[PDB]
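# Examining the three-dimensional arrangement
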Amino acid sequence: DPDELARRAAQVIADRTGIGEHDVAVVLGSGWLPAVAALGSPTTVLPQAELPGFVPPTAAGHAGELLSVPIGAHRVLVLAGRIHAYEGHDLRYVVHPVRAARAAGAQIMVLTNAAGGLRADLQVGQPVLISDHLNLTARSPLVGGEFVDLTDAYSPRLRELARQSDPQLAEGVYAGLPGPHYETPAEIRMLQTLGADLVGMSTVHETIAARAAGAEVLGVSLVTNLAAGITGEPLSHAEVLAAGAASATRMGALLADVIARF
Amino acid sequence: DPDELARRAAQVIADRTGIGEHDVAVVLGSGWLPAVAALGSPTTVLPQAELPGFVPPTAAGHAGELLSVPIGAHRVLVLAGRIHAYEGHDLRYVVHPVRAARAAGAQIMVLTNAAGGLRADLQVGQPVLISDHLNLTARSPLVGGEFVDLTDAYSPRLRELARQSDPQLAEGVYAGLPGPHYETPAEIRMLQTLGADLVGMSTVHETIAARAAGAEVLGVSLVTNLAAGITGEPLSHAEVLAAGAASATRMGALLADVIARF
Amino acid sequence: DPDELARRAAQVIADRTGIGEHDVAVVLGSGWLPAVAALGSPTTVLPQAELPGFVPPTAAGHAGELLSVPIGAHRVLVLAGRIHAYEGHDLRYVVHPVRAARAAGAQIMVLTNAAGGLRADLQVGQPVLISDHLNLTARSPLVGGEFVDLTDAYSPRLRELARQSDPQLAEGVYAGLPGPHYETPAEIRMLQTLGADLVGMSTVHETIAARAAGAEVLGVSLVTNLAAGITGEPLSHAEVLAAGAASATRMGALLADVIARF
Ligand SMILES: Nc1nc2c(ncn2COCCO)c(=O)[nH]1
Ligand SMILES: Nc1nc2c(ncn2COCCO)c(=O)[nH]1
Ligand SMILES: Nc1nc2c(ncn2COCCO)c(=O)[nH]1
């Protein structure tokens, strides 16, 4: 039972952080690990790996951390590192950190990801609010008849708040694909056709789980690269890995500024 | 294997219903269940849990009811209560009633479901014949080289008959997505770009299992709401649930009227 | 370790063929099996079932061979037969042959398949190079975190060399779907909107795994029919299974000529 397990993770978070409630949670995955530092000074860091339901049984590699970051009166549960459906994990493990954070008190989930830009405009290193997603994984983390409306899955209010801190923030539609391979240029063209501005390999399940749980979601993509076939050149690994890192800098700090608006 | 379990279920069904052939099956999906009551004069009802292979090893709720009913010159195997793929279940379980049906004599499977309407001119509470589908599940109920052709998977003949019963019947293309979450508006715009008129969370696999097994299929969606982002206002749990307790005697009258024409 | 298993496999190839490296692998599946004898005299033939990682206990039928054929400058591993996701095998097993091939020295994989033609200039019996693919399986043979750019997944250079042998060779984007059911005509319309020229039931994962493993890939579809709804007439397990076994000599000879240009 995932809510039951989320409640244990949440008890342990409370126990280990000494903080009984955590009213915002921020998942920083690929491309966004620069963002961690920059959310602000953690009072507790712990390994996610320790936590009930967290870093998956089968494959145990080395998860990231759960930081407890006060931002004013908001106690931010920072999830530095996430697991991905592409790693083989049953989606309940994939969304468990989100569900744990809910149980730990998160009103709002800030879900971040590394994305390829599908769009004209888009610059490498550009943060892009997610206005909506395409779930192109053919899955849901919801099992049974949990029929969650995904209208305004990425809170307009939270996009408004974020633009209060950076009025020049774009938004775009994120296509969530399983990965972990990057996309073909034909898949990219397809995704342009399907209505996506961004493409990536996470997030959609987390949002769904977050929304199912009642949490408001702020989604932020970092364009780590223009998607395949957009420029005419192959993808640069160093660019995907590093070109957005000062962005993820910038953004964690911007982050802290937006959470403070919550 | 699945086919042998389907024939075992069929034997138990013939035994327990006293009916050697049920030349029609009806699967009563979300929002169609109340329609059972207006179907005719069933002569056996048995809990589906009674039947070999009906209840999956994984989840256990309260399985539905299997009704044997004469309608016109047909014996109709009515499945009230179904399992869904979104409940976690191997598809062999999701299509088993259809396979058990065909093994029990079924030549025509009447597959009903609840759909978001993707054309803003479909009326909430109006049935729509499925003229075709988009299997967006990335799954098939068929295993190994079962290379079934799905041209006219939804028999034009049956839709023609259905329309003699009710010539105000729309037809349209149904996108089968896994569920159980509803679609984002962005997914809805994609679905429209993809040529879908209806969207739901079932049927596709049963259609495919039915065509494989050589049964013809009449698919009928109840538009229980306009899909996400169509209205410019969020979906409402309040409509999706009642949308066909209201259509109930009318849907069961339609069903019985169309089956009689078969 | 998939890669270790590949390695285990490649040492048998070396050992049973007596040749330390096969610089080209060809995967013959559906529609291309008859072409094998026309490729050349094999210096060795081993059943696939004898190699580590290759074929099942659960479901056992009767499996392909692996041939070692010199072709032009090349020592070619011929994989006669493949297994398919639609048979239900973990993808690690589906792409093991290619990974084994790559481990055996294959830096070029020629992946052949049978496809529905969606594009107006294609005809039944035509070989079509695969220019790009749409992976519509919602799966990936990659797990965890290799960085795999699928830009030029189907090497333009291999395509241009092939065309030095038969410049006749058309090319198209291949949509790789789960199978084993064929597509509904609405699905084919969608695929066309998605930019697919060809549709089939294999290849994409074997590509990905070849690309991740550092091989270039030439894809060859045999158009074994038009896609569903193109002719307004059903589809064929065996106008598919060989509207190209009509042309064994030519298909083997096409392959041998193309490979000689590499
Ligand atoms: N799928 C995909 N992911 C990317 C790309 N660039 C960076 N990432 C990071 O992983 C995907 C997370 O949403 C890209 O072009 N495509
Ligand atoms: N997938 C999907 N299913 C719907 C929609 N409206 C009604 N249904 C079916 O709801 C009953 C449970 O699936 C919709 O908009 N999308
Ligand atoms: N998916 C798909 N595969 C095809 C089609 N035609 C030939 N093939 C290849 O068939 C795979 C099973 O033989 C088609 O129209 N669709």
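Residues numbered from 1 in each chain as written, not as in the entry; some residues may be left out. Chains lettered and ligands numbered in written order. Heavy atoms only, no water.

For this entry, the PDB record names X-ray crystallography as the structure determination method and reports a resolution of 2.10 Å.

## Considering the site of ligand 1
Residues and elements named next belong to chain A. As a matter of local geometry, ligand 1 sits amid 14 residues, with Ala114, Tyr174, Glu183, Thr224 and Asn225 nearest to it. Within the side chain of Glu183, an N or O atom sits 2.6 Å from a nitrogen atom of ligand 1. In isolation ligand 1 offers 380 Å² of accessible surface; the protein chains occlude 96% of this area. For the shell around ligand 1, the secondary structure elements donating two or more residues are strand 5 (108-117), strand 8 (198-200) and strand 9 (216-226). The biggest single contributor to the shell around ligand 1 is strand 5, with four residues. (Near = heavy atom within 4 Å. Polar contact = N/O pair within 3.5 Å; in protein donor to acceptor, adjacent residues only side chain to side chain. Areas by Shrake-Rupley, 256 points an atom, 1.4 Å probe, with all protein chains shown as cover. Helix = DSSP H or I, 4+ residues; strand = E, 2+ residues; numbered from the N terminus.)

## Focus on unusual backbone geometry
The omega torsion across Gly179(A) and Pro180(A) is 5°, close enough to zero to call that bond cis. Not every positive phi belongs to a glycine, and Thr203(A) is a case in point at roughly 70°. With respect to the element layout, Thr203(A) can be found in the loop between strand 8 and helix 6 (204-213). The backbone of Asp152(C) shows a phi angle near 50°, a positive value even though the residue is not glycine. Here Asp152(C) falls in the partly exposed class, since its relative accessible area comes to 42%. (Buried < 20%, exposed > 50% of the residue type's maximum accessible area, 1.4 Å probe, protein only.)

## A short note on empty space enclosed by the protein
Summed over the entire model, instances satisfying the criterion amount to eleven cavities of 30 Å³ or more. Of the pockets and cavities examined, the largest cavity occupies roughly 660 Å³. Lining the largest cavity we find 41 residues, and of these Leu136(A), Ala138(A), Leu136(B), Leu136(C) and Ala138(C) sit closest to its centre. Listing elements by their share of the lining of the largest cavity, those giving two or more residues are helix 5 (185-194) of chain A, helix 4 (185-193) of chain B together with helix 4 (185-193) of chain C. Taken together, the residues that form the lining of the largest cavity break down as 20 nonpolar, twelve polar and nine charged. (1 Å grid on protein atoms, 1.4 Å probe; cavity = no way out; pocket = protein on both sides within 12 Å on 5 of 7 lines; lining within 4 Å. Points joined across faces, edges and corners; volume = space filled by probe spheres on them. Nonpolar A, V, L, I, M, F, W, Y, C, P; charged D, E, K, R; others polar.)

## Describing the relation of the copies chain C and chain B
In summary, the two copies of the chain are related to each other by a rotation about an axis coupled with a shift along it. For the pair chain C and chain B, the relating rotation is 120°, the translation along its axis is 0.4 Å, and the fit reaches an RMSD of 0.9 Å. As the rotation angle and translation indicate, the two copies are arranged about a three-fold axis. Ranked by how close their C-alpha atoms come to the rotation axis, the residues of chain C are headed by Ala138(C), at 3.4 Å. Comparing interface residues between copies, only 15% of those in chain C also lie at the interface in chain B; the contact surfaces differ. (Least-squares fit on C-alpha atoms. Contact = heavy atoms within 4.5 Å.)

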